[PDB]
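Here is the structure we will look at, set down as structure tokens.
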Ligand SMILES: [Ca+2]
Ligand SMILES: [Ca+2]
Ligand SMILES: [Ca+2]
Ligand SMILES: [Ca+2]
């Protein structure tokens, strides 16, 4: 199914970056930065934005273990997907006026 | 990017079922049923299970407007993906 394909992909993406160092199933700041730069580059306007990454790391690491675990990563993905969905919807609503 | 491809897919799937009736951007119980049966059938052990769909509807519709909006739908997707990831990680741990 298209949905479970997407779910599989969320899992794969995470594990593509989380296994370079430290906990194999959590993202370090470095691994997160890597993932942001390669996977969400449009959100960084294809710029390097370390201070922004720092803030993303701080907002996502809710339990303060200096890692972004999978639950924490999914919080990111959910927020950015909702925001994009909302964008597309408002663009259609604006058009129908 | 693989990630943004997946995010796009989440949006497209929801909008694939949400536009049959009512709000074009929310799932009725009926629309949610169609989505669950087409997209998550393995979670239903490939059975039709309207009693479980009812409970799923009731759980996802946190604002009690009788619809599952996109945010509500992503709560389900997050929960299921997290559970699936946990499964795959515990299967690896077990193996070692
Ligand atoms: Ca790691
Ligand atoms: Ca954390
Ligand atoms: Ca609808
Ligand atoms: Ca609702």
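Counting begins at 1 with the first residue displayed.
The deposited model was determined using X-ray crystallography, 2.0 Å.
Positions of Cβ are set from backbone N, Cα and C atoms, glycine also.
Features of the protein shown, as given by Swiss-Prot:
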- B:11-46: domain 'EF-hand 1' (DOMAIN)
- B:18, B:21, B:23, B:26, B:31: Ca(2+) 1 binding site (BINDING)
- B:48-83: domain 'EF-hand 2' (DOMAIN)
- B:61, B:63, B:65, B:67, B:72: Ca(2+) 2 binding site (BINDING)
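When the binding-site residues B:21, B:72 are scored by other C-beta atoms within 10 Å, B:72 scores highest. For residue B:61 (Ca(2+) 2 binding site), the count of additional Cβ atoms within 10 Å of its Cβ stands at 18 [all protein chains shown]. Classification of residue B:67 (Ca(2+) 2 binding site) by DSSP places it in coil, neither helical nor stranded. Under DSSP, residue B:26 (Ca(2+) 1 binding site) is assigned to a strand (E or B) in the three-state scheme.
For the binding-site residues shown (B:18, B:23, B:31), fewest C-beta neighbours within 10 angstroms: B:23. Those same-chain residues not listed among B:18, B:21, B:23, B:26, B:31 yet with C-beta within 8 angstroms of the centroid of the Ca(2+) 1 site C-beta atoms are B:17, B:19, B:20, B:22, B:24, B:25, B:27, B:28, B:67. Put simply, B:26 is the one of the binding-site residues B:18, B:26, B:31 whose Cα lies nearest to the Cα of residue B:65 (Ca(2+) 2 binding site).
Taken residue by residue with DSSP, residue B:31 (Ca(2+) 1 binding site) is part of a helix.
Within 8 Å of the centroid defined by the CB atoms of B:61, B:63, B:65, B:67, B:72, the record's Ca(2+) 2 site, lie the Cβ atoms of B:26, B:60, B:62, B:64, B:66, B:68, B:69, excluding the listed residues themselves.
Put simply, residue B:72 (Ca(2+) 2 binding site) is 13 Å from residue B:18 (Ca(2+) 1 binding site) when counted between their Cα atoms.
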